[PDB]
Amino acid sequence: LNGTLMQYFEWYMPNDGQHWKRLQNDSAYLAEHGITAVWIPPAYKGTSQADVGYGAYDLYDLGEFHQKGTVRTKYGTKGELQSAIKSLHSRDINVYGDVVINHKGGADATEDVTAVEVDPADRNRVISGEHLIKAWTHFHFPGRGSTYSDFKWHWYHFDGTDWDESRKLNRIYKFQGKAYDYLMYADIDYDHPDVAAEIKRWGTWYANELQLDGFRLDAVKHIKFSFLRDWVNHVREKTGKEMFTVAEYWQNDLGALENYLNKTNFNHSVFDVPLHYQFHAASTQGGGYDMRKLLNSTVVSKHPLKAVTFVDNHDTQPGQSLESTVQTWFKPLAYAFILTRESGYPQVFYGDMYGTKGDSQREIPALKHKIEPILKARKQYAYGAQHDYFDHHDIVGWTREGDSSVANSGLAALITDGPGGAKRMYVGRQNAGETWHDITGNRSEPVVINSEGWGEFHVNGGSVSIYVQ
């Protein structure tokens, strides 16, 4: 009954075109362990076959046309993708597609365009007069043609770019006269009527072509909010489906996140970036972190229904752009936090489950065996009223009284970044007389609940204990 999301990709996975098949083959397992939704990587053609998917060359080429020297994307062909989705739906698992719409990369040709240079500090402070540059702005899709869409991109559909091809220069350009490869990407202009109309149309095309159930919105911090709000309303309306949507607004600031939510009318969720940073901070301070701090400054604490909680993702993993990996020892504690507490729509990271494949000497190992018990705790026991016990600097915990709707439901969780200990927690008089055991197997001793519903729970240092049944 509890929903659980899974980011089904890692940055360093092999470019062998078998990913869609792996996903398909992984459906039973996912269902076994309570995964109710899967967020797949960008399925459209990038700047090269090896593109992780954020280059975003052609949104209408889901690994179907020979473009950028390949038919398939890094993950597979459109057909394999469609088969994987079919098997996922047969198992009652929803699929959320990634949406990369703040820029387009890998233009087919440059265009002579008039531009002005702006201040790197204040990107709306002109520090140059108008002048001609050659910008990678012409997209015509030679391999696709007009199939699915005859819309062609030109410089006027964009706000600017960071590369002048004529002078081979890197500066911040803003196009004038309108009605390290990433430096050549062009920033999409949502003030242009044709652009806003086209992205909304592709949006519903995308949802229908793959039978998607929702979306993951990429890099929303720089996209016009009103547009994002309307794009979401639009796809839901044209489609007639719920279309759960979560946006990646990367800002470790509850303030900025709430504003984003208010400006977008609360029509979609946001990743709990602040929570991740606390997880990282705690895993980094060797027991010096005040564990009672986890309950504040996060999105779940304020907008539980609008938060997608996560431990790490493809941006924070070792070697990436926003690297701030939660240390392995702390990882299972963070997972217990997001998977067994009532608030938030938790997300499990593929890289944490099966390990990351970068070449740092600090890659994430496959934690599947440590996480599986917590997924089971969420799937079968995390129900009913919750009681919080964040009364200590090191050891904190919470209980779930369970729900009659779900048999033997109920749990007592305990996590500590410092030394081990015990804590008496109210578990529900309804559970009185029961003998509970640590599902993570970290503690061997049983705990029998008293007649008043209380229990003395224990936990090892720098560890996690989740007592059930």
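All residue numbers refer to positions in the sequence shown, first residue = 1.
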Deposited residues omitted from coordinates between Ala179 and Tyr180, as a class: 10 or more
Of 255 to 263 and 94 to 102, the one with larger mean CA B-factor: 255 to 263
Comparing 453 to 461 with 6 to 14, the one whose average Cα B-factor in the PDB entry is higher: 453 to 461
Residue with maximal Cα B-factor (values as given in the PDB entry) among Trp202, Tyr350, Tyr389, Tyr148: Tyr389
Of the residues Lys134, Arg378, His157, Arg292, the one carrying the largest Cα B-factor as recorded: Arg292
Cα B factor band for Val246 (lowest, middle or highest third within the chain): lowest
Ranked against its chain, the third holding the CA B-factor of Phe65: middle
Cα B factor band for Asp119 (lowest, middle or highest third within the chain): highest
Among modelled residues of the same chain, the CA temperature factor third for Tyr29: middle
Third assignment of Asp112 from its chain's C-alpha B-factors: middle
